[PDB]
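Below: the structure, in structure tokens.
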Amino acid sequence: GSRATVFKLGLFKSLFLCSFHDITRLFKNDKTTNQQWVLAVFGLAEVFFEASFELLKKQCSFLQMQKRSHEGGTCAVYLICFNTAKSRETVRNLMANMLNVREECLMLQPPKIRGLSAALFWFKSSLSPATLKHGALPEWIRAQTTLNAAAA
DNA sequence: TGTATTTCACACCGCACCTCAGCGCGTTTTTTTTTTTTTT
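Set out below in structure tokens:
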């Protein structure tokens, strides 16, 4: 299982100071699917994180990732928006064949299309040095904080 | 009898359609002007 629990959320907050319930919202139904997803993964080495942008940036319309931390536990936060929708079990198997960790530290929920912080978080992350973007941002963030007149 | 594994089923919440009429809305030199021919 390990949909999204209080423990991962606590260290997520301790690192990026914004919740996972405020960037996504709720499904405990591990059957309901979606193409877009969010993810934060724990206990990762930076080399395979940089290679994670490498590997994933085949098959998704966008991909954002950012990294921490301070001597207390690493929370590599992803933003994943695949090409064809895949369930929490399928994307769970993908990422837990990706990151050489347990099924524990996965954070799978669809992103929330109406919400301010839900795109402010990634809009701030987009300027971070270790952030790795590919192509157009998904229409949710790329709707909430952008889609504004490029040159009036 | 306990439990993994999944669409229908009422609906959060909506992207975006069509639906009205109250807001904007316009031409005027040239001729005539008294000027000096214009018979006388």
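Quick note on numbering: the first sequence equals residues 156 to 307 in the authors' numbering. Beta carbons are placed, not taken as given, at the ideal position from N, Cα and C, and that holds for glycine.
Under 8 Å: do the segment 192-211 and the segment 263-279 share three or more Cβ pairs, one atom per stretch?
Yes, the segment 192-211 touches the segment 263-279.
Environment of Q214 [buried if 16+ CB atoms lie within 10 Å]
Walking along the first sequence from the start, residue 214 turns up at place 59. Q214 comes out exposed.
Nearest to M220 by alpha carbon, out of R243, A240 and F278?
In the first sequence, residue 220 corresponds to position 65, counting from 1. Taking each of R243, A240 and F278 in turn and checking the Cα distance to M220, the smallest one comes out for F278.
Integer Cβ distance of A240 from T188, believed to fall under 8 Å:
Position 85 of the first sequence, counted from the start, is the residue given in the question as residue 240. Position 33 of the first sequence, counted from the start, is the residue given in the question as residue 188. That belief holds up - the Cβ atoms of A240 and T188 are roughly 5 Å apart, short of 8 Å.
DSSP three-state assignment for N248, whether helix, strand or coil:
Stepping through the first sequence from its first residue, residue 248 is reached at position 93. DSSP places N248 within a helical segment (H, G or I) once states are collapsed to three.
DSSP three-state assignment for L194, whether helix, strand or coil:
The count along the first sequence starts at 1 and reaches residue 194 at position 39. In this structure, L194 counts as strand in the three-state DSSP scheme.
Take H225 as the anchor and find which of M253, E258 and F167 has the nearest alpha-carbon.
For this step, residue 225 is matched to residue 70 along the first sequence. Ranked by Cα distance from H225, the options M253, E258 and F167 are led by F167.
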